[PDB]
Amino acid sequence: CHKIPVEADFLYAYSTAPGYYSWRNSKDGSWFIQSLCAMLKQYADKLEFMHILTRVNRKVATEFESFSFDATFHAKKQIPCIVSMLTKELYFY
């Protein structure tokens, strides 16, 4: 007599907190996707996924600050949002 829920085993890696802008840079790419790719390149041979995404959080949170001539969009930060309905640990190796 065994079922799992139909929404289990989904992971949502959103680029930004619910309600907020997500920042993209014109030449280097969106802040989130650069960090996600840098972090996987560094650690997907070393670290469970959720810990890779926690490092993507820290990177985006600390190494980016919007720059703009428009005062309303200048010196703005961003924090991505891990939404995990996963039931086990995920390793890419």
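Start at 1 and count along the sequence shown; that's the residue number.
Legend: mean Cα B-factor per stretch from the PDB entry, 41-49 versus 54-62; the higher mean is in 41-49. As listed in the deposited structure, the average C-alpha B-factor of 1-9 and of 83-91 is greater for 1-9. The entry lists a Cα temperature factor for residue 78 that places it in the lowest third of the chain's modelled residues. Residue 34: CA B factor lies in the middle third for its chain, per the PDB record.
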